Amino acid sequence: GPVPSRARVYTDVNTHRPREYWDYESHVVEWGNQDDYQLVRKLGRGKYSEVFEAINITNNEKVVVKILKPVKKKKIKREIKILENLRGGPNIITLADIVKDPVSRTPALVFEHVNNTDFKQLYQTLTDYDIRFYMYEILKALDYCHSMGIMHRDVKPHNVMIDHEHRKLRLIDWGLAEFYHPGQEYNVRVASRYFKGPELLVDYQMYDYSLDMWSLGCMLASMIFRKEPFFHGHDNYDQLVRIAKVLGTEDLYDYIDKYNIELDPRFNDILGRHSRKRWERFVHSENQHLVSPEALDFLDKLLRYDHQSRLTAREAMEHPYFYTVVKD
Ligand SMILES: Cc1cc(O)c2c(c1)C(=O)c1cc(O)cc(O)c1C2=O
Ligand SMILES: [Cl-]
Ligand SMILES: [Cl-]
């Protein structure tokens, strides 16, 4: 069978916690007053929720209300508990309240207001300096949640809300987040296609926080090379082929051989043989101002097949790429 794997950091954080911290299924939700909130405008709808601009009429402040679609009671308490555990953390969206919507008959999460502008709307027009700046802000959120025993599992531009005027960033949509427990096998049907790590694409279930670091790498590659998305697969199989055309097939086989994983035989007719490409191949006159030796080294250390070999969030924050960013 497959060889087991463990996170190399924050491995045992949940094993030492009281049950109450990670046992989300036992969580007793504390309900506020739906009457406090007036819905203003529908901002978005996904498979799991509809999101609204609203106002809290008890203090006149703007808020965002996310009305959860019926999904699985388990997933609802999981998101709630994760949001409560992470509250006040660096660049983590703040859950202000939880109420029952009278029409949907489901929970509605109330978040402190953020500007209705996601990172996807900005990240292709940032300066070199600002790419570094906002990458560091995203890393603060990731190292915090990882240190708290939680992996986000859906890191992507749409899940980073940015207020560029105020140089402010929040990581949102914790509906796919999970608690990391060593030796646990997780669902590989997480993350969005272009941001899925190789572990997901080869069906390796014993993954960890390092999944998020692959996703972050994909974002970085897209920004510095001005290529959206960087790995542009037409489905989940072709997604792995697109990765292999950059990182090469020999290191892919080394990865799957390390963990004693077998590829879906469906790959035999599509994967081929590909050399590792040098990162300089993606540099051109229109993106070169965004590329530096430090950027390429950093990217190279995020986009590794072997999840155990990727930089952790904290190691990433130590990287020379961030030396030019002013620290508070
Ligand atoms: C179009 C859009 C605008 C937003 O402001 C949010 C979202 C979507 C959103 O999905 C979201 C999810 C979430 O878990 C917390 C949020 O604050 C949010 C949001 O704030
Ligand atoms: Cl899941
Ligand atoms: Cl980490």
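In this chain, numbering begins with 1 at the start of the sequence shown. First listed ligand is number 1; within each ligand, the first listed atom is number 1.
The single protein non-hydrogen atom nearest to atom 20 (O) of ligand 1 is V114 CG2, 3.3 Å, given as residue, atom name and distance. The protein heavy-atom contact nearest to atom 19 (C) of ligand 1 is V64 CG1, 3.7 Å. Closest protein heavy atom to atom 8 (C) of ligand 1: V51 CG1, 3.9 Å. Residue, atom and distance of the protein heavy atom nearest to atom 18 (C) of ligand 1 are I172 CD1, 3.7 Å. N116 ND2, 4.0 Å is the protein heavy atom nearest to atom 2 (C) of ligand 1. Considering only non-hydrogen protein atoms, atom 5 (O) of ligand 1 sits nearest to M161 CE, 3.3 Å. What sits closest to atom 13 (C) of ligand 1 on the protein, heavy atoms only, is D173 N, 3.5 Å.
Counting only N and O atoms by type, the side chains of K156 and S192 include a donor and acceptor under 3.5 Å apart. Using modelled atom types and a 3.5 Å distance limit, the side chains of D297 and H319 yield a donor-acceptor pair.
For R170, no heavy-atom contact with ligand 1 is shorter than 4.0 Å.
Remark: the backbone N or O of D154 is paired with a side-chain donor or acceptor of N159 at under 3.5 angstrom.
The aromatic rings of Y305 and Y255 sit parallel, their planes meeting at an angle under 30°, below the 60° perpendicular limit. The aromatic rings of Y209 and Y180 sit tilted, their planes meeting at an angle between 30° and 60°.
Separation of atoms CZ (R132) and CE (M223) is listed at 12.0 Å; rounding is to 0.5 Å.
Ligand 1 has an N or O atom lying under 3.5 Å from an N or O atom of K66, backbone or side chain. Between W174 and ligand 1, no pair of N/O atoms sits closer than 3.5 Å.
Against a heavy-atom cut-off of under 4.0 Å, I93 is close to the following atoms of ligand 1: 17 (O).
The neighbour count for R242 CZ, taken as heavy atoms of other residues, nucleotides or ligands under 6.0 Å away, is above 12.
In plain terms, the two heavy atoms of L201 and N236 that are nearest each other are CD2-O, 3.5 Å.
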